[PDB]
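Enquirer: got a sequence here, can you build the structure:
(4 chains)
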Amino acid sequence: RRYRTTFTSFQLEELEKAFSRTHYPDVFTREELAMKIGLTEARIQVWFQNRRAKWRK
Amino acid sequence: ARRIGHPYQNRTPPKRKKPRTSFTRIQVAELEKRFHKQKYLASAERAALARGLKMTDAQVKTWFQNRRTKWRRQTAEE
DNA sequence: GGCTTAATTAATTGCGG
DNA sequence: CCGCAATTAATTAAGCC
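Expert: Numbers count the residues shown, from 1 in each chain, chains lettered A, B, ... in the order given. And now the structure:
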């Protein structure tokens, strides 16, 4: 029952597209994305964190 | 004010050695209690806080650093 | 109940003060 | 020394199938 973001299919779209460019975007890109898809920076920071973990293994 | 730092790929790979500790709820709840009235700890008083929660110095120092990160990320997360 | 995955935790490296 | 950015390996748990 702890909070848990479900991403729109649009924002999931933009996250995967960005991850495709760099696997380590800088803070400003992250921010710019956040505005562009209505999530806060921290949600994106974690997404990228988790997503990278997936990739590595 | 943004004071950005250095990218991770350029760093030399970590040496995690090692053990994955997890602080007891009393350890935790004391830390949180102190945090509420004091966001920064001078070294001597960090030493005392640790010595009295049977944690190391590094551990309290790191806990404090990680707490502040959470704190700000919460503060300015409106 | 399994499984993927968002969230959380204790750690690290290295600048800039 | 110290904070802090920027990251990880591990985990905890939400909620689809």
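
Enquirer: now do the contacts for the residue of chain B found nearest chain A.
Expert: Nearest residue of chain B to chain A: residue B:73, at 5.6 Å (C-beta to the nearest C-beta). Every residue, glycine included, has its C-beta placed from N, CA and C. By C-beta atoms under 8 Å, 6 or more residues apart in numbering or on different chains, residue B:73 lies in contact with residue A:42.

Enquirer: ok, which stretches of chain A are helices?
Expert: Taking DSSP state H, the helices of chain A run over residues A:9-21, A:27-37, A:41-56.

Enquirer: how about the backbone phi and psi for the residue of chain B closest to chain A?
Expert: phi -50, psi -20 (degrees, to the nearest 10).

Enquirer: from residue B:34, how far off is the residue lying farthest from the centre of chain B?
Expert: Distance to the chain centre peaks in chain B at residue B:10, reaching 24.1 Å (criterion: C-alpha atoms, centre = their mean). With distances taken as C-beta to C-beta, to the nearest Å, residue B:10 is found 36 Å from residue B:34.

Enquirer: what residues does chain A put near DNA strand D?
Expert: A:1-2, A:4, A:6, A:24, A:26-27, A:45, A:49-50, A:52-53, A:56 (C-beta under 7 Å from any atom of the strand).

Enquirer: now name the helix or strand holding residue B:60.
Expert: Following DSSP states H and E, one finds residue B:60 within helix B:57-75.

Enquirer: for DNA strand C, what's its nearest residue on chain A.
Expert: With C-beta to the nearest atom of the strand as the measure, residue A:5 is the residue of chain A nearest to DNA strand C, at 3.4 Å.
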